[PDB]
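Asks: Got a sequence here, can you build the structure:
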Amino acid sequence: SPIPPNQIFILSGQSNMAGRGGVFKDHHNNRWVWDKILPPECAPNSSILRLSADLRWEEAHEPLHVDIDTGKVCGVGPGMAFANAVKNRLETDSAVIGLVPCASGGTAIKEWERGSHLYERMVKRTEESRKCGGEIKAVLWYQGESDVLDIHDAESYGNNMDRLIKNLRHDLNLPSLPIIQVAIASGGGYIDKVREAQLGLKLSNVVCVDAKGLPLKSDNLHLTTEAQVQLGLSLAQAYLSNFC
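Replies: Numbering: from 1, shown residues only. What follows is the structure:
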């Protein structure tokens, strides 16, 4: 029975938030499997919890999205590295971190409009996470690889992201809720238009960390586990420096 969290972070977006670090296709049988390699930056802690799909707080372990990004084999994302870094820098025995995984692989931002299944799941899980009395401290968002494939999607990305942030702040009644988004590292196509939108968005209490240059898996699309540690540390640095 974990002690409930008091500092809650919502993790959302597509598969580089859901986590694919360490997921490899078994050469013997073609099954995708997480290699279970866990950097010490991602180590579990009784003061770092995860909201399960069945809405129970449990001690957090990678992969954080197993019961959330269903139908996809999950690996390491940036969440545990983020959480350990924040917990350690806070240096406060009382701080208990709660992570609310909401990401869904293969999703373009149109699938996150207000009213959509994924958006409503994110809002519902965020509301459920507050019942323990904990405060929502930030939303970490890493998405956009699915928006590079069609120029209409890439050219609308900044407007769609502005609307998503406005929607979340409204529906959660948190007008200043910090959002930390990630300029995508990969995807091909109109990646530069999507990155320009992410890096160029200027909104109160929204910051963008850049994943460009982080190591990619053999598919040239997903971050490796060591990249995810780097990204989680960068997301923690942005959270700590801007919002604490």
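
Asks: Does anything pack onto the helix ranked longest in the chain? Which helices or strands?
Replies: Once the chain is assigned using DSSP state H, the helix that runs over the most residues is helix 151-171. Applying 3 or more CB pairs under 8 Å, 6 or more residues apart in numbering; DSSP states H and E, we find helix 151-171 packed against helix 117-129, strand 179-183, helix 191-200. Quick note: C-beta positions are derived from backbone N, CA and C, even for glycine.

Asks: quick one, strands of the chain?
Replies: Using DSSP state E, the strands of the chain run over 7-13, 23-25, 32-34, 48-51, 57-59, 97-101, 135-142, 179-183, 206-210.

Asks: What angle do strand 206-210 and the longest one make with each other?
Replies: In other words, strand 135-142. On the basis of axes from the mean of the first three to the mean of the last three CA atoms, to 10 degrees, strand 135-142 is oriented at 40 degrees to strand 206-210.

Asks: Dump the strands of the chain into a markdown table; add mean neighbour count and distance to residue 79 as well.
Replies: Output for the strands of the chain, formatted as a markdown table (neighbours: other CB atoms under 10 Å; distance: least, CB to CB, whole Å):
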| stretch | mean neighbour count | distance to residue 79 |
| --- | --- | --- |
| strand 7-13 | 25 | 5 |
| strand 23-25 | 17 | 15 |
| strand 32-34 | 15 | 14 |
| strand 48-51 | 26 | 8 |
| strand 57-59 | 16 | 13 |
| strand 97-101 | 27 | 5 |
| strand 135-142 | 23 | 8 |
| strand 179-183 | 23 | 12 |
| strand 206-210 | 18 | 14 |
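
Asks: how about those strands in JSON lines, adding distance to residue 107?
Replies: Below are these laid out as JSON lines (distance: least, CB to CB, whole Å):
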{"stretch": "strand 7-13", "distance to residue 107": "8"}
{"stretch": "strand 23-25", "distance to residue 107": "18"}
{"stretch": "strand 32-34", "distance to residue 107": "19"}
{"stretch": "strand 48-51", "distance to residue 107": "20"}
{"stretch": "strand 57-59", "distance to residue 107": "25"}
{"stretch": "strand 97-101", "distance to residue 107": "14"}
{"stretch": "strand 135-142", "distance to residue 107": "12"}
{"stretch": "strand 179-183", "distance to residue 107": "15"}
{"stretch": "strand 206-210", "distance to residue 107": "19"}
